[PDB]
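K.L.:
Before I ask anything, here is the structure I am working with.
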Amino acid sequence: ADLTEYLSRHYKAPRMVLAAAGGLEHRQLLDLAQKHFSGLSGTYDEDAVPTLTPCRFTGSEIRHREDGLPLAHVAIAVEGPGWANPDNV
Amino acid sequence: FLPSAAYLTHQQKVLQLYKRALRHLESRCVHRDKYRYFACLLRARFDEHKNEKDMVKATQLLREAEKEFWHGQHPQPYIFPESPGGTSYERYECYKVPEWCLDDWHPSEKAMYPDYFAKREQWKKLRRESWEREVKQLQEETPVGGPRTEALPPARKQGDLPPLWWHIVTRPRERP
Amino acid sequence: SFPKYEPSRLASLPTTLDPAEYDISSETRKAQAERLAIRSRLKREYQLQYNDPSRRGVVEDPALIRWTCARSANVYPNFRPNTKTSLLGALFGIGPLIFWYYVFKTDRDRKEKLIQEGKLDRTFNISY
Amino acid sequence: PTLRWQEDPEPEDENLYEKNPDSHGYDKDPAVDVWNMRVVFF
Amino acid sequence: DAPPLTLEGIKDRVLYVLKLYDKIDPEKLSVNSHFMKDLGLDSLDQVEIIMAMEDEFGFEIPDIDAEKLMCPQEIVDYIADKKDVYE
């Protein structure tokens, strides 16, 4: 049931992207996409649209002490830049 | 939160936002023709991306639309004088006497109005005539154990009146 | 384009910018479906007991009766005197009483001292 | 399988009207009704 | 305060202010003819029509009832329910 609801809720046509690269023609891929992927989906079930709410970079620490290991792993991270800004560059 | 549907759809929600923004622009804008100009500008803003079906981008735009509505709404909306909050809002609810009463009168004062009480007697006989069998059987046969809606079906079966009509047919005139 | 409209204890948050009415899950619509089922059954029994011509008294609303017995006399069971209950009790009862006691002793001692001076403005002060 | 009782759902909520439409507030005997209105309103 | 109302007079007024609005045709505009199905104009201008009737007759109609007018005869039904337009 839950896998059914997940499949119906997310694997939907306006959020999926058929990408191809290599020795092929955009004519031919448009043709084959029209022959196969047409009539896939496009309408949500009960108007249950998922949406990205923004998230909160809290800033904190967790240490998992386990001395029966030969090496120690450390990660330290700071704020997110996102995607759009040239701060990414 | 509505009688028939369990919830309002997104097209319905976009439509109610449209009617609210248009109403408050009426309230904002005097002289009525510059109102007409700004209303078609608003309709143009809804024409800018009307033909897109990215439902998640649609609800993103709907959230920003609610923000831009609340930014520039009007303090006292021009509401009509029968609306909720209006100038009347059941003004004459004073003069709206229910019709289960009027029969606790005196037989002299009842004999002052003959024909209306004779026709009221045959109305009441119409009520008690087809109250039990047809109405109660259509409400205990055609619904499910859980009713799951509130619109009741009409009496398409054979004969008399559609079920449970007394306090809905017999409401007052709203201006006596 | 807005300061995003913080709510308060009074300024209620309207249904537009919830934004919980956007990330609709399965149990949200299941809850709205069952909630409409509840309102449907209650209006069904209400309209059944509301359009009866044999009906004489009131429709005998059970939930108002239930809330009346809740607010009136089902306060006291249950109740245990806790830290919060007792401290707020001894504050709200004895506090303002002892406050008014101090202010009345203050004004009465000032008045008795001033009339024991001999110079109260009793130029004529008959109706005591 | 459980009743705990034997009495009727009581009573019929008899409003004093619809049987003596000229009556005053109390019981249906129409002579003493006039006597009561007499004795208080004199 | 004496407005007189009747059936066919208000049917005339509703039909008249639908005829005055421009982007419909005055040819095939029956008393009971649809809005979306046959004239073909969309939902948004339909609610602008509902706005016109509200701005003419002096009372708002609700959004619960705004879904379901769809032709001028059903509009005259709902307004005659509002003002109790019978003798």
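Labeling convention for the structure tokens: chains A, B, ... as they appear, residues from 1 per chain, ligands from 1 in order of appearance.
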Give as a ChimeraX atom specification every residue of chain E that touches chain B within 9 Å, counting only C-alpha atoms.
P.N.:
/E:43-44,47-48,51,58-61,63-64,67,82-84
K.L.:
What would the file look like if the residues just selected were written as a JSON list (two decimals), in the first residue's frame with N, CA and C atoms?
P.N.:
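Contents of part23.json, as written:
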```
[["chain", "number", "residue", "atom", "x", "y", "z"],
["E", 43, "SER", "N", -13.55, 29.44, -17.15],
["E", 43, "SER", "CA", -14.01, 29.55, -15.77],
["E", 43, "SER", "C", -13.86, 30.97, -15.24],
["E", 44, "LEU", "N", -12.77, 31.63, -15.62],
["E", 44, "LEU", "CA", -12.39, 32.89, -15.00],
["E", 44, "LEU", "C", -13.35, 34.00, -15.40],
["E", 47, "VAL", "N", -16.64, 33.59, -13.64],
["E", 47, "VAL", "CA", -16.73, 34.19, -12.31],
["E", 47, "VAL", "C", -16.75, 35.71, -12.39],
["E", 48, "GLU", "N", -16.20, 36.29, -13.45],
["E", 48, "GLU", "CA", -16.45, 37.71, -13.70],
["E", 48, "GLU", "C", -17.92, 37.98, -14.01],
["E", 51, "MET", "N", -19.60, 37.97, -10.73],
["E", 51, "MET", "CA", -19.31, 39.27, -10.15],
["E", 51, "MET", "C", -20.24, 40.34, -10.69],
["E", 58, "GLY", "N", -27.11, 43.51, -5.61],
["E", 58, "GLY", "CA", -26.96, 44.01, -4.25],
["E", 58, "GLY", "C", -26.85, 42.98, -3.15],
["E", 59, "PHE", "N", -26.21, 41.85, -3.41],
["E", 59, "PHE", "CA", -25.93, 40.83, -2.40],
["E", 59, "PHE", "C", -24.87, 39.91, -2.98],
["E", 60, "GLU", "N", -23.92, 39.50, -2.15],
["E", 60, "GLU", "CA", -22.92, 38.56, -2.62],
["E", 60, "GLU", "C", -23.53, 37.17, -2.71],
["E", 61, "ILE", "N", -23.05, 36.38, -3.66],
["E", 61, "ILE", "CA", -23.41, 34.97, -3.64],
["E", 61, "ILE", "C", -22.15, 34.23, -3.20],
["E", 63, "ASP", "N", -19.06, 31.36, -2.53],
["E", 63, "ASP", "CA", -18.21, 30.48, -3.31],
["E", 63, "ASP", "C", -18.63, 29.02, -3.22],
["E", 64, "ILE", "N", -19.42, 28.65, -2.21],
["E", 64, "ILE", "CA", -19.96, 27.31, -2.21],
["E", 64, "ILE", "C", -21.02, 27.18, -3.29],
["E", 67, "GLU", "N", -20.01, 27.49, -7.83],
["E", 67, "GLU", "CA", -19.51, 26.47, -8.73],
["E", 67, "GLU", "C", -20.52, 26.06, -9.78],
["E", 82, "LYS", "N", -33.03, 33.55, -3.30],
["E", 82, "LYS", "CA", -32.47, 34.57, -2.41],
["E", 82, "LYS", "C", -33.54, 35.56, -1.98],
["E", 83, "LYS", "N", -34.18, 36.23, -2.93],
["E", 83, "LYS", "CA", -35.14, 37.27, -2.60],
["E", 83, "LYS", "C", -36.56, 36.76, -2.45],
["E", 84, "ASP", "N", -36.77, 35.44, -2.52],
["E", 84, "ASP", "CA", -38.08, 34.79, -2.44],
["E", 84, "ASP", "C", -39.04, 35.36, -3.49]]
```
K.L.:
Identify, with DSSP run on backbone atoms, the residues in segment 22-141 of chain B assigned to helix (DSSP H, G or I), and express the list as a PyMOL selection string.
P.N.:
chain B and resi 22-28+33-47+55-71+91-95+107-111+114-129+133-141
K.L.:
Residues of chain B within 8 Å of chain D, using only C-alpha atoms, as a list in words?
P.N.:
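That gives the following set of residues: residues 104, 106 and 107 of chain B.
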K.L.:
List the spatial neighbours of residue 24 of chain E as JSON, numbers by chain - criterion: any atom at most 10 Å away, only C-alpha atoms, same-chain residues fewer than 6 positions off excluded.
P.N.:
{"E": [18, 35, 39, 40, 41]}
K.L.:
Can you pull out the residues contacting residue 47 of chain C? Cut-off 12 Å, using only C-alpha atoms, and skip same-chain residues under 2 positions away; I want them as JSON, numbers by chain.
P.N.:
{"B": [135, 136, 139, 150, 152, 163, 164, 165, 166, 167, 168], "C": [39, 40, 41, 42, 43, 44, 45, 49, 50, 51, 52, 59]}
K.L.:
Give me, as a ChimeraX atom specification, the contact residues of chain D against chain C at a cut-off of 10 Å, counting only C-alpha atoms.
P.N.:
/D:12-15
K.L.:
Take the residues that were just selected and, keeping N, CA, C and O atoms, output them as a short mmCIF file (atom, residue, chain, number, x, y, z; two decimals), in the first residue's frame.
P.N.:
```cif
data_model
loop_
_atom_site.label_atom_id
_atom_site.label_comp_id
_atom_site.auth_asym_id
_atom_site.auth_seq_id
_atom_site.Cartn_x
_atom_site.Cartn_y
_atom_site.Cartn_z
N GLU D 12 -45.70 12.01 29.82
CA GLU D 12 -46.06 12.80 28.66
C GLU D 12 -46.06 14.27 29.05
O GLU D 12 -46.69 14.66 30.04
N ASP D 13 -45.35 15.09 28.28
CA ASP D 13 -45.13 16.49 28.65
C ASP D 13 -46.37 17.29 28.28
O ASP D 13 -46.44 17.95 27.24
N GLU D 14 -47.38 17.23 29.15
CA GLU D 14 -48.67 17.84 28.85
C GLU D 14 -48.59 19.33 29.10
O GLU D 14 -48.61 19.79 30.24
N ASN D 15 -48.48 20.11 28.03
CA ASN D 15 -48.81 21.52 28.12
C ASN D 15 -50.31 21.66 28.34
O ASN D 15 -51.11 20.95 27.72
#
```
K.L.:
For a quick test of understanding: name the residues of chain C lying within 9 Å of chain A when counting only C-alpha atoms, and present them as a ChimeraX atom specification.
P.N.:
/C:19,22-26,29
K.L.:
Emit the selected residues as a tab-separated table (two decimals), in the first residue's frame, including N, CA and C atoms.
P.N.:
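The result, stored in result-v1.tsv:
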```tsv
chain	number	residue	atom	x	y	z
C	19	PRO	N	1.64	27.13	6.30
C	19	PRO	CA	1.60	26.64	4.92
C	19	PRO	C	1.37	25.15	4.93
C	22	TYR	N	-0.41	22.82	2.15
C	22	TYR	CA	0.31	22.63	0.90
C	22	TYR	C	0.93	21.25	0.80
C	23	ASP	N	1.62	20.79	1.84
C	23	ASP	CA	2.24	19.46	1.83
C	23	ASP	C	1.24	18.42	2.29
C	24	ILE	N	0.22	18.23	1.46
C	24	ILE	CA	-0.87	17.32	1.78
C	24	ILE	C	-0.38	15.89	1.69
C	25	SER	N	-0.52	15.15	2.77
C	25	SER	CA	-0.14	13.75	2.84
C	25	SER	C	-1.37	12.87	2.72
C	26	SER	N	-1.18	11.57	2.94
C	26	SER	CA	-2.29	10.63	2.84
C	26	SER	C	-3.25	10.77	4.01
C	29	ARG	N	-5.83	13.78	3.91
C	29	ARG	CA	-7.09	13.59	3.19
C	29	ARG	C	-7.92	12.48	3.80
```
K.L.:
One decimal, Å: what's the distance from atom CA of residue 114 of chain B over to atom CA of residue 128 of chain B, could you say?
P.N.:
21.4 Å
